Amino acid sequence: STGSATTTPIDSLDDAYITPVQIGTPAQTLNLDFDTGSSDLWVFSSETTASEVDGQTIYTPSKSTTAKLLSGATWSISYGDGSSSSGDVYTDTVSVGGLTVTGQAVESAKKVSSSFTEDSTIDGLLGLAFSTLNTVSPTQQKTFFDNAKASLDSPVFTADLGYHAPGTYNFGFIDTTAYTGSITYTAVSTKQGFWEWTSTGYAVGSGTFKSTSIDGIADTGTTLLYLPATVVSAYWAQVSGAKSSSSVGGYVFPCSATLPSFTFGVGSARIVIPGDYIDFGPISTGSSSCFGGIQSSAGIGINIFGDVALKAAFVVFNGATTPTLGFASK
């Protein structure tokens, strides 16, 4: 089987992308943030504290004839950005882009942190990291991809995120018309539960490529590109007036500046992030200080190839017995 769904930016900055997901019978369609950095499929629901719901579409298990409470199971998750959610668990039928999984664990939120409440466009998350990170207790649950992968024509999914435009998540096939050139595959470590890989280096603008190993994770649920402070400093040094601001929480630059591109290595191949993808706009409405899309990872513990990086590529998440990642230009 295969599936194919369009993913749409939630705002003019590409701060996140939402993909419609059909849950239950009759279908309830919720717009979920596909997140290759986590492993829980959780949703706003009829069980979420009413004061913590503000415009989201909710899943109501009682209205689904295929929903079944997963007796005793609870979940609680805290994300790298300090947000969190928790609740109980149903199994139900879940379909993405025509691909259907029966018995999928659908984590119903009873509580969500403020950042989720305040974002009316995201109705939950669909984790696509490895199932070892799933938070359901006492019986850990499988991700949608893990449940689907036996049925898929090929055990893969692809992320083709758009720059200021919709893109595509495909399951079970590689759309050879969606990219240019060839796909370069690179090794993945699953030891932390992430799509963790090692970039071969970087270049800033038209500068020379620096060969150096940069271990990091491919994370569709992170907006920005977080890299070691040495790399980030080398990038912003090429932007006149750019500076790291403790008050704002990272590198800012004059909105009048033209940003250089940033290149990252995938084996012997190179992915070029155009400079315009690194512009996240004014730090506050009307300000002439703009927020940079490449930031330091020093205070994270891990480098993160977020959407700024991934949207410059056609990315293959190969879930074969020995997983790999593939990157092509597009």
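Residues: numbered from 1 along the sequence shown. Just so it is clear, the values below take in all heavy atoms, side chains as well, and ignore hydrogens, waters and symmetry mates.
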Give a yes or no answer on whether the side chain of [X] reaches the backbone of [Y] with a donor-acceptor pair at less than 3.5 Å.
X: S329; Y: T180; answer: no
X: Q295; Y: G292; answer: yes
X: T36; Y: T220; answer: yes
X: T143; Y: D146; answer: yes
X: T198; Y: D215; answer: no
X: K330; Y: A313; answer: yes
X: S287; Y: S289; answer: yes
X: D11; Y: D14; answer: yes
X: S199; Y: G265; answer: yes
X: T117; Y: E52; answer: yes

When you compare the side chains of [X] and [Y], does any donor N or O come within less than 3.5 Å of an acceptor on the partner?
X: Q56; Y: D123; answer: no
X: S38; Y: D35; answer: yes
X: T49; Y: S51; answer: no
X: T324; Y: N318; answer: yes
X: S4; Y: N170; answer: yes
X: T29; Y: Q22; answer: yes
X: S120; Y: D54; answer: no
X: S108; Y: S45; answer: yes
X: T100; Y: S95; answer: yes
X: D15; Y: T223; answer: no
X: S62; Y: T60; answer: no
X: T2; Y: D153; answer: no

Does [X] share a hydrophobic cluster with [Y], counting links as ILVMFWY side-chain heavy atoms below 4.5 Å and allowing steps through other members?
X: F209; Y: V231; value: no
X: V316; Y: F173; value: no
X: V272; Y: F305; value: no
X: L13; Y: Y17; value: yes

Can you find a heavy atom in the side chain of [X] that is under 4.5 Å from one in the side chain of [Y]?
X: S46; Y: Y59; result: no
X: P228; Y: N303; result: yes
X: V136; Y: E107; result: yes
X: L41; Y: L32; result: yes
X: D92; Y: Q104; result: no

Once you measure the plane-to-plane angle for [X] and [Y], does it fall in the parallel (<30°), tilted (30-60°) or perpendicular (>60°) bin?
X: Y277; Y: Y163; result: parallel
X: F34; Y: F171; result: perpendicular
X: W195; Y: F317; result: perpendicular

The test is ring-ring contact (aromatic ring centres under 6.0 Å, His included); show your working for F280 and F291 and say whether it passes. CA-CA 5 Å; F280 280 78; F291 198 67; 7.8 Å; no
Heavy-atom closest contact ([X] atom, [Y] atom, distance):
X: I58; Y: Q28; result: O-OE1, 3.7 Å
X: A257; Y: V239; result: CB-CG1, 3.9 Å
X: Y235; Y: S261; result: CE1-O, 3.7 Å
X: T48; Y: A109; result: OG1-O, 2.8 Å
X: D33; Y: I122; result: OD2-CD1, 3.9 Å
X: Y79; Y: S85; result: CE1-OG, 4.4 Å

Kindly compute the distance separating CG (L99) from CG (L152), expressed to the nearest 0.5 Å.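 Nearest 0.5 Å value for the CG-CG distance: 5.5 Å.
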Take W197 and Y185 through the test ring-ring contact (aromatic ring centres under 6.0 Å, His included) and record every step on the way to the result. CA-CA 10 Å; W197 64 290; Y185 290 83; over 10 Å; no
When you measure from the centre of the six-membered ring of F264, is the NZ or CZ of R270 under 6.0 Å away and within 45° of the axis? no
